[PDB]
J.: 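This is the structure I want to talk about, given as structure tokens.
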Amino acid sequence: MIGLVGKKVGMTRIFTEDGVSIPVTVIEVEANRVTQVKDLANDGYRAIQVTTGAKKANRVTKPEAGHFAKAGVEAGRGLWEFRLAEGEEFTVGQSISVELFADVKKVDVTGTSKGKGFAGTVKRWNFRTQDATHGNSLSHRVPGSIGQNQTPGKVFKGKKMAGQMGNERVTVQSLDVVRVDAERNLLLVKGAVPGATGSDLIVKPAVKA
Amino acid sequence: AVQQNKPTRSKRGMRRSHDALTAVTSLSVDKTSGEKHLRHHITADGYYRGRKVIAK
RNA sequence: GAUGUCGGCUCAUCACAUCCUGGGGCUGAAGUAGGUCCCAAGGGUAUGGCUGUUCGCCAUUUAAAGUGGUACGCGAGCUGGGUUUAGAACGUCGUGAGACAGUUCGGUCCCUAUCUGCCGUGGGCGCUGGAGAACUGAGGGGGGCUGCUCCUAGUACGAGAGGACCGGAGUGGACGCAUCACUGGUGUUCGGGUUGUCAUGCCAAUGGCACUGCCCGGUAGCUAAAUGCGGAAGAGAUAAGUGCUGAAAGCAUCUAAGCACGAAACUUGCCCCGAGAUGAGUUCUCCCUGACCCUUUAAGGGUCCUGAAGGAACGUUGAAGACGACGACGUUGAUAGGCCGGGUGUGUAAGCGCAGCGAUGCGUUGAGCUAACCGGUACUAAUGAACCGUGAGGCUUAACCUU
RNA sequence: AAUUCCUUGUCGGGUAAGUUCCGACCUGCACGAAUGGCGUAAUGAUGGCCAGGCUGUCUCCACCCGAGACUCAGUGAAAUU
RNA sequence: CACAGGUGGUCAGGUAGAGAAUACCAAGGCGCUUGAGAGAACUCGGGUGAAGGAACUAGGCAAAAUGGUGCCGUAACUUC
RNA sequence: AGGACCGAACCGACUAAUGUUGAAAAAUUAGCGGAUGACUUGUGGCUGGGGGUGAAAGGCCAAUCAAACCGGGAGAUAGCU
């Protein structure tokens, strides 16, 4: 079914009465307001566009304000779309709370991974480090060979090399839903999720099931 | 390590297409002193936002 | 008028004559376990002792430790033990200088990347008025491994010994992604102990230097050994193979018409990129509703007025970052620093008093100090402006306003 | 064997496993007595081998401190073609 | 070359120290003739490291480690 | 007493890294050897090219050595590019 947009508050632990410590990531899921409903007739597919949080009225551009005004909802920090599974009906301006995850038991969490910047092959691709001694000359962490001889006189596409690492969309699948606190708009999921504290997270019911 | 052919003057100009300098869009004017200055920088006479910062 | 070699290291990529896993026929296939052939290249496919070795033998693992191509892949990527200079010996040959594809000890491995290629990241213009967002998904990548235990069941099978198919459950190895709550590492920006010496007039107390002087701890961050998750199920069309009905050929026949099954391969399903997809797409929202002149009179040029949406620039900056970029904020403000409170770390500061001849001990006192952390706070800096971007957006045709 | 081609000779020692090493054997391809033979304490930046200690050499790399690399201003090369 | 090289003699303070070693200083002399930022890969020179401890490798290369004075004690072998 | 021992100056150059269009046409850094002697060093002198000198490597003889350098024979010769 549809998902929700939340914020990564941080990580903590839940102590069970049986003596087990569950590592949980706290996700703040405020009410998600439906800003637009897309249908086959007009958009060619079924989905709902939602917003969450609050944004400075001084920093909301007029094109954005008009979009929010049409839906009759307060502006949020962004817009996200969720596809509808042929059985979901929503109306513009509807508020979706964290109670939607009451009986899900497993969710998929998507976020932007921490940015590692320009990373070497050792860190990025787990390349094996060459000898630190035994005559090695300025080639301790270098990639090594990157191809074959004249026959393929070129480096193949997709070759694992150094470059930007992290700061990209990442999804972690099948995370247990430890707790759903509707009063505090909190969602506790066992384990870690991508992104740093305060980053946006997209939570959907597990697709693998 | 070194070129096999001499690059052309056309190639040299193509590489330098990104070397052009950018001029300051505009200069701020002090409200009281009235002289031009870089934005968020003090004027040549020691003024800033019409406060007459140290000018010794 | 130079295409550097054996082996090792790093990094690979393809073939299938398949080592493992998967699907099958036959069996001198009871079962378990095998033999042989067919299909199958998705993924996976040991560490050590000896030796320069590849190889090989050996030790011990594994579901398996596949065979080959790639300048016997890979030295403008590393190595230099071997081959293959000059030194020096042994055996051997020669009268001798010397020699051996015999041995033995020793013996300089350069290159700042122009182009192609590849990994990343921007600028320009385009997409036909401009602008801010959210998308569709043509297409392209990633991923695809598997053990053991238990139940079914000591059942089928078998004289016994032994011991399943099918199906289900749990828990691991290797690998991959993310993360820092826990366990830890680091923590020359925090605290303390301590040696030598110099200095602050001296005592006391501190600071400099000696690898952070040497050390003991340790915040945030980063991080693995730490802890979460992943490989799938399902669907479509099939390979080998198994069939149903059924003639040619009164029979038979899986095939010729027709119909049904069938694998980690194929197309999907999962994850990521993605409209420069010039075939430049879709949706929502926002902004601009002047006056004249010239003429070679048209998608023409020029002047005056106008300058929107928005953008950029500058500033404060970020768990974003080589630089660009990207994100937050700029007084109608918590963006950064400072400040306040707290936490954390270190471990009872200084001063004074007491006890002691003294080194020290004790009280004040879990004191003082405390980075990047948490919660707050306009004290400082984020200035009014200026700048870019315009003024309703071509032609043809069709249906509607004027079904 | 600094000498042995066959050859990683055979046996023993050391190791879970030893083409090296050590001790014997003698079938010395092709040792041998001043181009010396065999021993030899001490000595050696000498060759080979085995242990204790020690460790980032390695399993398997992580973090940190500095100098470059990166950006800005000034100066301003080279091989090659 | 205003070049991390080479170049004989003389002078020889303080504290610690066996010392002309070494550390910190006196007299005296210098900061080495591009700077300013940033805090990526990678290279160079260093610091620390969980568990293991030569499994690395041609080879313990490199690194780590040992390190002073006094007393006790000290094997095979030996040319004593 | 000692071509004795440890270890600075001094004289050497065993290992590694760096550098290799270097700071340097052989050095730097961390270790390393000798360090009263067959030691080291200043100044001056002598030995000359088929010659010198050589604790012997074909080493050294002005960054040149299986026959130095400079000038000359000389436009050696080149069935080769």
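Numbered from 1 within each chain, the chains take letters A, B, ... in sequence-line order.
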J.: For A:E99 and A:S97, test the side chains for any donor-to-acceptor distance below 3.5 angstrom and give the result as yes or no.
T.: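 Result is no, nothing qualifies.
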
J.: What is the nucleic acid contact for A:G147, judged by heavy atoms within less than 4.0 Å: base, sugar-phosphate only, or nothing?
T.: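 Since a base atom lies under 4.0 Å of A:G147, the category is base.
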
J.: For A:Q130, report the nucleic acid contact type (base, sugar-phosphate, nothing); a contact means any heavy atom under 4.0 Å.
T.: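 Here A:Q130 touches the bases of the nucleic acid.
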
J.: What contact category does A:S139 fall into here, base, sugar-phosphate, or nothing, at under 4.0 angstrom with non-hydrogen atoms?
T.: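 Sugar-phosphate contact only - A:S139 comes under 4.0 Å of backbone atoms but never of a base.
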
J.: Base rings of C:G102 and C:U103 under 5.5 Å apart and under 30° in plane angle?
T.: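 C:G102/C:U103: stacking flag true.
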
J.: Could you go through A:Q173 and A:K208, starting from their C-alpha distance and side-chain angles, then the distance that decides it, and tell me whether this counts as side-chain contact (heavy atoms from CB on, under 4.5 Å)?
T.: CA-CA 8 Å; A:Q173 295 183 310; A:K208 291 286 184 66; 3.3 Å; yes

J.: At under 4.0 Å between heavy atoms, which parts of nucleotides 113-134 of chain C does protein reach? Answer with one letter per nucleotide, 5' to 3': B base, S sugar-phosphate only, - none.
T.: BB--BBBSSBB--------BSB

J.: More 5' along RNA chain C: A:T151 or A:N58, using each one's nearest nucleotide?
T.: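 Result of the comparison: A:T151.
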
J.: Look at atom CZ of A:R179 and say whether more than 12 heavy atoms of other residues, nucleotides or ligands are closer to it than 6.0 Å.
T.: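 Counting neighbours around CZ of A:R179, 12 or fewer heavy atoms of other residues, nucleotides or ligands fall under 6.0 Å, so no.
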
J.: Tell me, please, if C:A210 and C:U195 meet the Watson-Crick or G-U wobble pairing rule with both distances under 3.5 Å?
T.: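 A pair, by the stated definition.
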
J.: Could you tell me whether A:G66 contacts a base, only the sugar-phosphate backbone, or nothing, with contacts defined as non-hydrogen atoms closer than 4.0 Å?
T.: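 Touches sugar-phosphate only.
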
J.: Using a 4.0 Å heavy-atom cut-off across all strands, classify A:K190 as base, sugar-phosphate, or nothing.
T.: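 Sugar-phosphate only.
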
J.: Regarding A:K8, tell me which of base, sugar-phosphate or nothing describes its non-hydrogen contacts under 4.0 Å with the strands shown.
T.: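 A:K8: backbone/sugar contact only, no base atoms under 4.0 Å.
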
J.: Give, for atom CG of A:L79 and atom OG1 of A:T51, the distance between the pair rounded to the nearest 0.5 Å.
T.: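 Here the rounded value is 5.0 Å.
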
J.: What is the nucleic acid contact for A:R83, judged by heavy atoms within less than 4.0 Å: base, sugar-phosphate only, or nothing?
T.: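 Counting heavy atoms under 4.0 Å across all strands, the contact made by A:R83 is with sugar-phosphate only.
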
J.: Do the bases of C:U116 and C:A33 pair up, Watson-Crick or G-U wobble style, with both gaps under 3.5 Å?
T.: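 Not paired: C:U116 with C:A33 fails the WC/G-U check at 3.5 Å.
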
J.: Could you check whether A:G195 gets within reach of a base, just the sugar-phosphate, or nothing at all, counting any heavy atom under 4.0 Å?
T.: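 Here A:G195 touches the backbone only, sparing every base.
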
J.: State whether C:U316 pairs with C:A299, counting either Watson-Crick geometry (purine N1 to pyrimidine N3 plus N6-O4 or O6-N4) or a G-U wobble (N1-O2 and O6-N3), each distance below 3.5 Å.
T.: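 Not paired: C:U316 with C:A299 fails the WC/G-U check at 3.5 Å.
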
J.: Using a 3.5 Å upper limit on both distances, decide if C:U194 and C:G221 constitute a Watson-Crick or G-U wobble pair.
T.: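 As far as the geometry goes, C:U194 and C:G221 are not base-paired to each other.
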
J.: What's the closest nucleotide to the A:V207 side chain, out of E:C42, C:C270, C:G228?
T.: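 Closest nucleotide among those given: C:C270.
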
J.: Can we call C:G342 and C:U219 a base pair, counting Watson-Crick and G-U wobble only and needing both distances under 3.5 Å?
T.: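 So C:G342 is not base-paired to C:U219.
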
J.: Give A:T197 one of three labels, base, sugar-phosphate or nothing, depending on what nucleic acid heavy atoms sit under 4.0 Å from its own.
T.: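 Base: the residue A:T197, judged by heavy atoms under 4.0 Å, touches a nucleobase.
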
J.: With the thresholds 5.5 Å for ring-centre distance and 30 degrees for plane angle, say whether the bases of C:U108 and C:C109 stack.
T.: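 Stacking test on this dinucleotide step: no.
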
J.: Tell me if F:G54 and its neighbour F:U53 stack, counting it only when ring centres are under 5.5 Å and the plane angle is under 30°.
T.: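 Flagged as stacked, both criteria satisfied.
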
J.: Nearest to the side chain of A:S137, heavy atoms from C-beta on, is which of C:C284, C:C78, C:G73?
T.: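 Nucleotide nearest to A:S137's side chain: C:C78.
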
J.: Counting primed atoms plus P, OP1 and OP2 as sugar-phosphate and everything else as base, spell out the protein contacts along nucleotides 380-385 of chain C at 4.0 Å heavy-atom distance: B, S or - for each nucleotide, 5' to 3'.
T.: --SBBB

J.: What nucleotide among D:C58, E:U43, D:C61 has an atom nearest to a side-chain atom of A:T129?
T.: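 Shortest atom-to-atom distance from the side chain points to D:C61.
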
J.: Under a 3.5 Å limit on both distances, do D:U59 and E:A51 form a Watson-Crick or G-U wobble pair?
T.: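 Between D:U59 and E:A51, a qualifying pair exists.
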
J.: Whether C:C354 and C:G361 form a base pair should be assessed as Watson-Crick or G-U wobble, both distances under 3.5 Å. Do they?
T.: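 Pair flag for C:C354 and C:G361 is true.
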
J.: Is the distance between the six-membered ring centres of C:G187 and C:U188 below 5.5 Å, and is the angle between those ring planes below 30 degrees?
T.: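 Per the 5.5 Å and 30° rule, C:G187 does not stack on C:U188.
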
J.: Between C:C125 and C:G353, would you say there is a Watson-Crick or G-U pair if both relevant distances must stay under 3.5 Å?
T.: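 As far as the geometry goes, C:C125 and C:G353 are not base-paired to each other.
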
J.: For A:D103, I'd like to know if atom CG has over 12 heavy atoms of other residues, nucleotides or ligands within 6.0 Å.
T.: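 No - once you tally the heavy atoms of other residues, nucleotides and ligands closer than 6.0 Å, there are 12 at most.
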
J.: Remember a base hit wins even if backbone is also touched, and classify A:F68 as base, sugar-phosphate or nothing at under 4.0 Å, heavy atoms.
T.: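 The answer is nothing, as A:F68 stays clear of every strand by at least 4.0 Å.
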
J.: Would a student be right to call E:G46 and E:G47 stacked, given the definition of ring centres under 5.5 angstrom and plane angle under 30°?
T.: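 Yes, six-membered rings of the two bases stack.
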
J.: Taking atom types as modelled, find out whether A:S95 and A:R33 have a side-chain donor-acceptor pair closer than 3.5 angstrom.
T.: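 The answer is no; no qualifying pair exists.
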
J.: Would you call D:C25 and D:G9 a Watson-Crick or G-U wobble pair if both distances must be under 3.5 Å?
T.: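 Taken together, D:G9 and D:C25 make a base pair (Watson-Crick or G-U wobble, both distances under 3.5 Å).
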
J.: Do other residues, nucleotides or ligands put more than 12 heavy atoms under 6.0 Å from A:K7 NZ?
T.: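 Yes.
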
J.: I want to verify a distance call: between E:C44, C:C286, C:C270, whose nearest atom is closest to the A:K208 side chain?
T.: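 Among the listed nucleotides, the one closest to the side chain of A:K208 is C:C270.
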
J.: Both distances under 3.5 Å and Watson-Crick or G-U wobble geometry: does that hold for C:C57 with C:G49?
T.: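 They are paired, because both relevant distances stay under 3.5 Å.
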
J.: Testing the 3.5 Å rule here: is there a donor-acceptor pair between the side chains of A:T52 and A:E30?
T.: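 A:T52 vs A:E30: no donor-acceptor pair found between side chains.
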
J.: Nearest to the side chain of A:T110, heavy atoms from C-beta on, is which of C:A71, D:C63, C:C272?
T.: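 Taking heavy atoms from C-beta onward, the closest nucleotide is C:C272.
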
J.: Given C:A319, C:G228, C:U283, which nucleotide is nearest the side-chain atoms of A:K114?
T.: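 For the A:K114 side chain, the nearest candidate turns out to be C:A319.
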
